[PDB]
Amino acid sequence: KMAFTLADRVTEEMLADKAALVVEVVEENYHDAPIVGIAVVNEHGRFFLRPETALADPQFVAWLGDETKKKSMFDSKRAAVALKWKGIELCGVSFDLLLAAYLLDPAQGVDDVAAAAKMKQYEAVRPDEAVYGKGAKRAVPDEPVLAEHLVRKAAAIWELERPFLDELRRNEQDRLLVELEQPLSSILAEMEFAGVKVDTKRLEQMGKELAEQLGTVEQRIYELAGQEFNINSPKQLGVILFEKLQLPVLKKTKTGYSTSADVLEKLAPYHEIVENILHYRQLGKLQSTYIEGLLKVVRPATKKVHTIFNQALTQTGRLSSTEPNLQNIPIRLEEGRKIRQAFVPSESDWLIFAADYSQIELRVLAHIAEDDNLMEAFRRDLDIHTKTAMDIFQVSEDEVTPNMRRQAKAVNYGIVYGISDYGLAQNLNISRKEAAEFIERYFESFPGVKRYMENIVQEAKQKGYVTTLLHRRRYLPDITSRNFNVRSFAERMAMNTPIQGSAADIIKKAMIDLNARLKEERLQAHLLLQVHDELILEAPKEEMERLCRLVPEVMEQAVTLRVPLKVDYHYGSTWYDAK
DNA sequence: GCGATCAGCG
DNA sequence: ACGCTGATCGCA
Ligand SMILES: [Ca+2]
């Protein structure tokens, strides 16, 4: 019901200098995954290609790698990375319908061409799920069904570029797509394909020593509990703590007794068992997620892990990392932080270089709210978290422990993002009127932040959305809901999203500037990971001293704010040592 | 499949 | 009753 050529060979009219291209990878994880078909729509017509012929044709391969041949795509990072696993470079992507839909409305959840197309009343294409099936029924259909689905996606992309571009322009989002999100997409592709090298012997050795500490703590719990149980069974664990040992019930869940770490810490005066249960969970988390979980996804021949950075998922414009998540590798507890010793450079006498922004979101907040005292504090490079710990625990800067600082950190962001006196008292273990008086005092010193929090909520009520400094957008229909709880959650989104989102815009700008600068200095250094406000690279040890001057400066100059941006940096033999 | 939980980011 | 995530696991 749509006309196209089922092509055998590649012809010159398939290689026009502007086209919609579909390079279909059905597997969710596209690393080293099969390419099942190719479709091209251009001025000359519509074409389906079998990949075993087009990807071995030198004229088609050259066309893919020629940046003057412009391609409109959906999810071009997926195609680019699977092509790299075929030894093929894709260049010239001038429109990515996934990123365009994500900028226009991140809450759509647009996961395929049909879902983006529906945004513009275009419906002559089917959902990917209806063509391939789901779960155990997933299959590549017969070639004519596949060829028509891929051509319909390409024709949809061909039609939808212009209406998407013109709405992006009306939102002031068109330079965000073309100068930020599309260039970042190619940089993520390289990072994911390069991967990160893992010391599997060291990981395996820690997993052995963990399995032995786990058993010990486990017997000390059973003995403290009188009997044995499934320490992972909330039914059983709840029965032990709040019936057998008769500990107080401080919190319930929708299913029963709460056993979260916040509760278990408040019960430590009552019984020694709760601190052993905490230690047990922590050692079990390291074992399942970060030992077994990481060994499960290492590619054995190279000892590399290849994450996928989802660029069109978070409601704020942050990235996320999946399979493995390399953005939540432990760091705070000493036992967990040693996991970072297994992350090593991919070549001998290379090193890991990490740089990160200091207090990025409070600096963004200072700039956006134009708070006099908050701006002045950062013009003095004050460490607000340490300063806040001193104020809370009535100590000196000498006696600010890392746990007090991390505590003050949660208070600093909590207050500006709408923490209540109740919530503050539960976090500090102070009375509820002391928490409220503290909150009033903090807004006495930063009235401009208070004003911004009110202004941004009223602006979200009247506009229907909030924006970031580079014009990312988030719609907030619930901001006018009549239900008090639903409306309150939306108000705190209006306070938080412009700040977190602007901080995501800034570090994405830095990654793009950094790559251009690495290239102009002809350095071998390349990005491996982004962790929200941190960039991790690897480079020959001979480039470290240049990177100590280049990277901080690039990051600090990514944008110009009314306060300076501050960047800390370390390097060494493993990720562990690069802090 | 989902909720509770916990690892990270602010 | 601060916000944004992803992984594991039990299942109330
Ligand atoms: Ca930081």
Side-chain angles (χ1 to χ4, degrees), chain A residues 106 135 230-239 251-264 277-278 280-294 296-297 307-310 313-333 335-337 339-340 356-365 384-385 406 409-427 432 435-436 439 453 474 484-485 488-504 506-507 529-534:
Chain A
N230 179 13
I231 311 173
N232 307 26
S233 167
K235 253 207 232 288
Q236 264 193 334
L237 180 67
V239 165
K251 171 188 169 197
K252 289 193 201 74
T253 60
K254 283 300 192 176
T255 41
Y257 307 123
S258 177
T259 61
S260 45
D262 41 15
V263 159
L264 301 185
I277 280 154
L278 282 181
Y280 172 84
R281 275 158 177 193
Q282 293 170 1
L283 299 163
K285 188 93 158 175
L286 302 178
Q287 179 78 323
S288 332
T289 304
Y290 301 110
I291 300 280
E292 141 202 317
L294 216 47
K296 210 172 303 198
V297 294
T307 197
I308 286 180
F309 292 107
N310 311 119
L313 186 146
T314 69
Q315 300 304 298
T316 52
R318 283 184 167 192
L319 308 179
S320 69
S321 173
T322 311
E323 190 174 329
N325 186 351
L326 296 186
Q327 298 178 316
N328 71 340
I329 300 307
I331 209 199
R332 75 174 209 289
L333 307 170
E335 316 151 79
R337 189 165 75 95
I339 298 261
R340 300 190 172 215
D356 66 289
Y357 291 106
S358 176
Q359 308 154 98
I360 187 70
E361 275 185 38
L362 295 171
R363 287 171 192 267
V364 163
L365 175 60
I384 296 287
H385 305 322
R406 255 282 310 112
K409 191 145 112 196
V411 172
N412 281 323
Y413 294 112
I415 292 194
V416 306
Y417 297 136
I419 197 164
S420 69
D421 60 351
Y422 178 90
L424 183 50
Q426 307 317 310
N427 280 27
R432 188 145 158 207
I439 295 185
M453 282 165 86
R474 189 189 188 171
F484 163 81
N485 215 32
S488 296
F489 273 87
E491 297 179 342
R492 303 195 296 267
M493 281 170 45
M495 307 168 190
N496 177 80
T497 291
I499 312 304
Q500 199 190 100
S502 297
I506 294 166
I507 194 166
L529 299 174
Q530 185 257 48
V531 197
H532 305 314
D533 63 334
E534 179 157 28

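Both backbone and side-chain heavy atoms feed into the values below; hydrogens, waters and symmetry mates do not. Residue numbers begin at 1 in each chain, while the letters A, B, ... track the order of the sequences.
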Visitor: How would the sugar of C:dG10 be described, north or south, if a positive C1'-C2'-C3'-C4' means north and a negative one means south?
Guide: south
Visitor: Under 4.0 angstrom, heavy atoms only, what part of the nucleic acid is A:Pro234 near: base, sugar-phosphate, or nothing?
Guide: base
Visitor: Contact class for A:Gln282 vs. all strands (heavy atom < 4.0 Å): base, sugar-phosphate, or nothing?
Guide: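 Contact class for A:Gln282: sugar-phosphate only.
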Visitor: For the side chain of A:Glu361 and the backbone of A:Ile499, is there at least one donor-acceptor N/O pair under 3.5 Å apart?
Guide: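 No, because the side chain of A:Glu361 does not come within donor-acceptor range (under 3.5 Å) of the backbone of A:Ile499.
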Visitor: Would you name the heavy atoms of A:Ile415 and A:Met453 that are closest together and state the gap between them?
Guide: O-CE, 3.6 Å
Visitor: My parser flags sugar pucker from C1'-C2'-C3'-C4'; what should it report for C:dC2, north or south?
Guide: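 North pucker for C:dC2.
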Visitor: Has the side chain of A:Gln327 got a donor or acceptor atom that lies under 3.5 Å from a matching backbone atom of A:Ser321?
Guide: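 At least one qualifying donor-acceptor pair exists.
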Visitor: Can you tell me if A:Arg340 uses its side chain to pair, donor with acceptor, with the backbone of A:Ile331 under 3.5 Å?
Guide: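 No; zero donor-acceptor contacts below 3.5 Å.
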Visitor: Listing time: all N or O pairs from protein to nucleotides 5-9 of chain C that are below 3.5 Å?
Guide:
unit_1 : atom_1 : unit_2   : atom_2 : d
C:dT5  : OP1    : A:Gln315 : N      : 2.7
C:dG6  : OP1    : A:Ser320 : OG     : 2.9
C:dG6  : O4'    : A:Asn325 : ND2    : 2.9
C:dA7  : OP1    : A:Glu323 : N      : 2.8
C:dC9  : OP1    : A:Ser288 : OG     : 3.3

Visitor: If we only count heavy atoms from C-beta on, is the A:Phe309 to A:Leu529 side-chain gap below 4.5 Å?
Guide: yes
Visitor: Would you say the side chain of A:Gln500 and the base of C:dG3 hold a donor-acceptor pair, judged only by whether the two atoms sit under 3.5 Å apart?
Guide: yes
Visitor: Tell me which nucleotide among C:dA1, C:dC11, C:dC4 gets nearest to the side chain of A:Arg318.
Guide: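 The nucleotide sitting nearest to the side chain is C:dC4.
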Visitor: How close or far is atom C1' of B:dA7 from atom CZ of A:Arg340, stated in whole angstroms?
Guide: 10 Å
Visitor: Looking only at side-chain N and O atoms, does A:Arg492 come under 4.0 Å of OP1 or OP2 in C:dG3?
Guide: yes
Visitor: Below the 4.0 Å mark, does C:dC11 have OP1 or OP2 next to a side-chain nitrogen or oxygen of A:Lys235?
Guide: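 A:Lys235 to C:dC11 OP1/OP2: no side-chain N or O under 4.0 Å.
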Visitor: Using atom CD1 of A:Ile507 as one end and atom P of C:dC4 as the other, report the distance to the nearest whole Å.
Guide: 19 Å
Visitor: In whole Å, what is the span from the CG atom of A:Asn496 to the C1' atom of C:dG3?
Guide: 4 Å
Visitor: Looking at every strand, decide which applies to A:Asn485 at a 4.0 Å heavy-atom threshold: base, sugar-phosphate, or nothing.
Guide: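 Sugar-phosphate contact only.
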Visitor: A:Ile419 has an atom CD1; how far is it from atom P of C:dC2, in whole Å?
Guide: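 Between P of C:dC2 and CD1 of A:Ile419: 5 Å.
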Visitor: What does A:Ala504 touch in the nucleic acid at a heavy-atom separation under 4.0 angstrom: a base, only the sugar-phosphate, or nothing?
Guide: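 It contacts nothing in the nucleic acid.
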Visitor: Closest to the A:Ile360 side chain: B:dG10, C:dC4, B:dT5?
Guide: B:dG10
Visitor: Measuring to OP1 and OP2 of B:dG8, would you say a side-chain N or O of A:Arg332 lies under 4.0 angstrom away?
Guide: yes
Visitor: Looking for any heavy atom pair under 4.0 Å, which part of the strands does A:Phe489 touch: base, sugar-phosphate only, or nothing?
Guide: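 Since only primed, P, OP1 and OP2 atoms lie under 4.0 Å of A:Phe489, the category is sugar-phosphate.
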Visitor: Which distance, rounded to the nearest 0.5 Å, do you find between the OG1 of A:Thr259 and the NZ of A:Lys251?
Guide: 8.5 Å
Visitor: Rounded to whole angstrom units, what separation is found between the CD atom of A:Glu534 and the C1' atom of B:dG8?
Guide: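 The answer, rounded to whole Å, is 11 Å.
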Visitor: Check whether any side-chain N or O of A:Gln287 sits under 3.5 Å from a backbone N or O of A:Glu292 as a donor-acceptor pair, and report yes or no.
Guide: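 Pair absent, no side-chain N/O of A:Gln287 close to backbone of A:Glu292.
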Visitor: For the residue pair A:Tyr413 and A:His385, is the inter-centroid distance of their aromatic rings smaller than 6.0 Å?
Guide: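 Centroid separation for A:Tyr413 and A:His385: below 6.0 Å.
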Visitor: What integer distance in Å separates A:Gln530:CD from B:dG10:P?
Guide: 11 Å
Visitor: If you look at every strand shown and take non-hydrogen atoms under 4.0 Å, does A:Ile329 touch a base, only sugar-phosphate, or nothing?
Guide: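 Sugar-phosphate, backbone atoms only, no base.
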Visitor: Testing A:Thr314, A:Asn328, A:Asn310 one by one against A:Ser320 for a side-chain hydrogen bond (donor to acceptor under 3.5 Å, both in side chains), which residue passes?
Guide: A:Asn310
Visitor: Using atom CD of A:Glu335 as one end and atom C1' of B:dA7 as the other, report the distance to the nearest whole Å.
Guide: 14 Å
Visitor: Can you check the A:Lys409 NZ to B:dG10 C1' distance for me, whole Å?
Guide: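 Rounded to whole Å, this separation is 8 Å.
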Visitor: Any sub-3.5 Å donor-acceptor pair from A:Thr307's side-chain atoms to A:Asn325's backbone N or O?
Guide: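 Flag not set: sc A:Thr307 to bb A:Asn325 has no pair under 3.5 Å.
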Visitor: Judged by atom type as modelled, is there a donor-acceptor pair below 3.5 Å linking the side chain of A:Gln530 to the main-chain atoms of A:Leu319?
Guide: no
Visitor: Within the sub-3.5 Å range, which N or O atoms of nucleotides 2-4 of chain B have a protein N or O partner, and how far apart are they?
Guide:
unit_1 : atom_1 : unit_2   : atom_2 : d
B:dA4  : OP1    : A:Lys254 : N      : 3.3

Visitor: Would you please determine if the base of C:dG3 is stacked by A:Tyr417, with stacking meaning a centroid separation under 5.5 angstrom and planes under 30 degrees?
Guide: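 Not stacked by the 5.5 Å and 30° rule.
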Visitor: Just call it for A:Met495: base, sugar-phosphate, or nothing, with non-hydrogen atoms closer than 4.0 Å on any strand.
Guide: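 The answer is nothing, as A:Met495 stays clear of every strand by at least 4.0 Å.
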